[PDB]
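Listed next as structure tokens is one chain, alone, in the form deposited in one PDB entry.
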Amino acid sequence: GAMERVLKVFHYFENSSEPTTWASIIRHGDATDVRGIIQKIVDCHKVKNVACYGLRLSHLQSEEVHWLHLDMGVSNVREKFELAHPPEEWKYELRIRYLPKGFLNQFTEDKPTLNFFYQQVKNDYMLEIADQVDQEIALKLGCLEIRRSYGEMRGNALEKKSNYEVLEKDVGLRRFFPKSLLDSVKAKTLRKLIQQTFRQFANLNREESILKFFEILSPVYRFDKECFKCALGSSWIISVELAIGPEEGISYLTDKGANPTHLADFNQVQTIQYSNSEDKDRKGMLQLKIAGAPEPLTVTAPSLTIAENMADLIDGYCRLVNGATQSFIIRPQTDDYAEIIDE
């Protein structure tokens, strides 16, 4: 018998449990597209900035990731990739990928989205640099999350050892601070540090804690831009590193450390077009037609996978910046219903 199509999609909409376990089980049809899955999940959480969310497919046993375009079919993608690796090795994750200029101010008017982005960046921070950052930053971020998780608790409740005790023994400080910090500092000293650091933020509400978290994290962790190693040029190919994000639209890094050089703004992108490889090679080519520029911006990526992930990013930004729901990618020169059946 023809089994029913069911999909598990992790996300960052806070539930009663651990961040990495939050996920939605979706029952869908044969013609359901990535767009419908995204829309159903965000609409269920009353999200306003729907054009910021994308769906990322990660291989658990490696680092290869595939951003899924809004127009692709859910059954199609699962078909294609299950051929490469078994379903158990795949992870579908809903994430915010396209940020509008002044996204933080804008997200404050969309609480569900502000919290989502916060959980997403927090989780990336905890996994990528929590153990590398300096004690001070890690300590403040950990306290900010304590302040945010317990918005009903009084400012000096942490002063009581009995209360600190519960977090230290029952909840566990790993929920707010990195391992390095919890194992490189004396337990009794750690407590005083936390108590003191918390005082600075005891007056902050949930929103103000999130905003302060970003303010403090921003300086040492770039979460507002994606970077890709590729090459620009039609005739002459020059390898560079592209920095794509709200602040500097599409730009490139001259050299590690130096400010990125602007190439084009998202609103100037008129068309995005794919290309394969005229020879044995497998590189992927992206051609961007920019308003005001007679010559298209040609980009070459190390593989088709990266090329597609880049096209998805630029297209998402094109949709976002223009307020369009349709794709700017052009051809190379009931039954789709989806429902949440569990959380």
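C-alpha atoms forming the largest set that superposes within 1.5 Å between two forms make up the rigid core. So that there is no doubt, residue numbering starts at 1 and follows the sequence shown.
Beyond what is shown, the protein has a form deposited in another entry; the following relates to that form.
- Among the candidates 172, 257, 151, 219, displacement between this form and the one not shown reaches 2 angstroms at the C-alpha for one position only, 257 (superposition on the rigid core).
- Fitting the two forms on the rigid core leaves the C-alpha of residue 29 displaced by at least 2 angstroms between this form and the one not shown.
- For residue 275, the Cα coordinates differ by 2 angstroms or more between this form and the one not shown after the core has been superposed.
- When two forms of a protein are overlaid on their rigid core, residues whose CA moves 2 Å or more are considered shifted, and residue 85 is one of them between this form and the one not shown.
- Between residue 308 and residue 29, the C-alpha separation grows by 3 Å or more in that other deposited form, relative to the conformation displayed.
- Pairwise change in that other deposited form: residue 31 and residue 36 C-alpha atoms lie closer than in the shown form, at least 3 Å.
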